[PDB]
Every structure is written in C-alpha cells, then in structure tokens.
C-alpha cells in the first residue's frame, strides 16, 4: 500500500542492453502480494522514437541486517564484470514484462507473489544505438497497483535523465580495466580520449599497462576501435608486467594541430606500486621515465616514444610524471602539461612543464604547493596560468596562479575553499568568449563533488575566472560510486564533452549543452 521509487541521476548508455531508469522498494509486503501493473509516463517533448524497449525486473528481497532504506540488494548492471557490462546480471534480476514499442503512457505487469517485508523491482530502459547524446528522458511512475488496489507512491523521481556512451567497458579487447581519462578536441573537431589499458587487473603502475586512444569524428556518437598510442612490451627482455606506461595527459598544439601524449614508463620495480617504489636517479632501471608520442594526422597514427626525462627531471626526485588528463596551448602558442614530482624526502609537489618550440624542448621551474599531486592548468586570462591541484590535506582543491610559467606562484582566492574534493583527479578548462555561444570567458571544472568517496560527478561553470562557482551553474551526471577521474573538452561552440570513470562504464563519454550549465 506504500511504494518507494528512485529515478537515479546516472547516465543512460546508448550502447547498453539495460540501464536503471527506476528502482522500486516495496518495504512492507504481505507474502503473496502481487504488483499487478505499474504505469510509467514520459514527458510531452521526449523523443520516444529512440527508446528501443522498457523492461520490469524482480530482484527478490533484502538481507535482515541491511535495513530498509536501500533501493537494491546488489548492482543490477555491472561496470566491472569482464563477462557482461551491457545487460542486467540474469542471476540478480528476473524479467516480468517488456514493451518494445514505447508510448507516452506505458503499463508493465507481473504475477510474481512477493515475500513478507522488502521486495525490489526495477525498470530498465534500452535506447536505440544511434540515440542522440543530447536527448533527455523525463519519466515518472504514476500508478503502482498491488492486489488490484492503487498503492501510495513516495520518493524523489523527477530527475531529467541524460544519455552517454560507454567508450571502454571492463573486459573490452581482453583488458581487465581502463583508467585515467584524458580528452582534447583537435582543430578538425575530432574528439581524442586517452586512458590506461590495464590488462591484468585495475592496480596502478607497476603492471602490464599501455596507453589506449579512442577517436570520434562525429562528436562522440561513434568511436573508432582502440589504438595503442604508447607501449613498451618486453623492452630490454624484462616482462611487459615490468614495462607498464600510463597516467596519460594529452594536448592539441592548436597552432599546428600536432597532438601530444605524455606518460610515465616504469621499468622493473617487481609487481609493486611505482608511487612508493620509483627511486632517485635518471636511467630506466633507476626511476620512472617521462615518455612522449605525437600524431600529425589528427590522432590516426602515433610516433615512436621520445624520452624527455633528462631535460626536466632533477636527479634527487624519486618520481617525475605528468598530471593525468590534458595540457593546453596558451594564446602565445606555449604548450603546457601539468606535472608532479616526489622530492628526495618523499613529499609530492604539483607544477607545470612547458615547451615554447612546438614540443622540441621542455622546462620545469618551481613547484606550486607542498603535498599536492594531480593538477590541471587553464589560461584564465592572457599570460595567466591557474593550476588546480589534488591536495593530500583533504576537503578541497588547492588553486595557485603563475604569470611566469611556474618561476613564481601566488595563492588564488578560491584556494582550499571554493571546490570541495575527496582527494581525487579533477578537470579544469578555459573557454574564450568568442569560442562559445554564451559569448563570455568560462572556466569549466569536473570532479566527484563530495569530501568523502567518489560519486556525484558534476560539471561546474565560473563566469569570474574561478573566483565563484555558483550552485545554479552545475550539472550532476553520476550520483553513484566510481573511480572518479574525469577530463573536459569543448566539442563545439554549444556543448562540452566529459570523458570520465563513471558508475556505468570505465570510460564514459557525455555531451552537455553549456546552456544547461549557464541558464
């Protein structure tokens, strides 16, 4: 007689067989009670054309000790099961009904007798594989009938659901996992997404890891098969498991359209984490190496790797590597990659590395802040670089300014205040007024918008050079748990792309109108 409905703010993947539209908790069932039918309604303006099917599933009951406020006993659609990331695990969910032609009103039926107490049902939505990434569903459970009486419906279920595409799922092309996203838009409008290909498992370097790249010439609707942008196989006769390269950062040289990918090659180091096992020195046998590849053909083919360690690594550092995600071209044509180093006393520092000669030579000056790691840089105003930093103190992003490419650093007003975090990679980009439909300079930022865990992946916009991030100028994309790393790139004048580790896929692409951010 009382039913609870959840409409979870998570991406509907156009390439998935099942996506969670509604979770339903019937908390106080009498044994034998039957959910005869439930009615969904879609909003007037919904493009029901590109909805392929809607399914009602039963998932049984809850454990006696797990309490009465959960919407599921288990993950319905796994983002980690290498054998199935695309459909509901059939061992957790039994299909009751299915409609393959969707109208604005829709009724699903069961004859399943319920157990005493908590019973779980959910609604799966399957989209046409060619569904527009910019499409939205406004769906409501309007009627639930139990023992031929309409039941009282409760819960927040007014979420506007967005589409996305699982560019990489766990198990794709034999790889256990994919991590550490980077995204740029080439001068030809081509989306380039980079990531770790983590073949054996999901652990950080050292392991068998290559740098993968997914390419889209249609604003993310389709992605060309995975290219290996960088790999070290059995270099020097050491196993591929002791020759990993990863934590990639990608940038487009906007003057030439030359694309650059920088990454950390770990050589040796047993089967342990490079973060604590990379040591002082310069040789591949001694310390992690800073490796770069380039594409001169819009990311279709990739150069052999060049070793730039000798140019920029201090011998006393335990570890120098890029900040994962992306770098930038500045207005004066300087290429800038965020970097991070562990000093002789094992203290991490964020900073920047830049080339003034199209990527021929690279320079690092002074660190921005102590006990920071992963950082992303934007040119917030001409000749003014904002470094936005993961901070081991917890709670909030560190923000510093350089006007001299990291020779000197100033604390920004927004430092350790404006942007909450849980100690996790975050994306920051600048959008020039002339390059977007708002006609105003923007900063766009994405991270897990929480001080604990990795969830509530959110795009935030600032109109005042990242002094203020108004709540209204934010879109929630993924309220469920994931590995939390993300990277932003403007797709065109009207839309921002996010390439991120989500609750629905290891590498998830979504496109968001900047008019949804700034209303």
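Positions refer to the first chain, counted from 1.
Per-stretch averaging of Cα B factors for 83-91 and 98-106 places 98-106 on top.
In this entry, 250-258 shows the higher mean Cα temperature factor of the pair 67-75 and 250-258. When the Cα B-factors of 393, 179, 416, 331 are read from the PDB record, 331 comes out highest.
When the C-alpha B-factors of 422, 427, 200, 306 are ranked from the entry, the top spot goes to 306. The entry lists a Cα temperature factor for residue 358 that places it in the highest third of the chain's modelled residues. Residue 411: CA B factor lies in the middle third for its chain, per the PDB record. The deposited CA B-factor of residue 207 belongs to the middle third of values across its chain.
Ranked within its chain, residue 471 lands in the middle third, by CA B factor from the PDB record.
The entry lists a Cα temperature factor for residue 45 that places it in the highest third of the chain's modelled residues.
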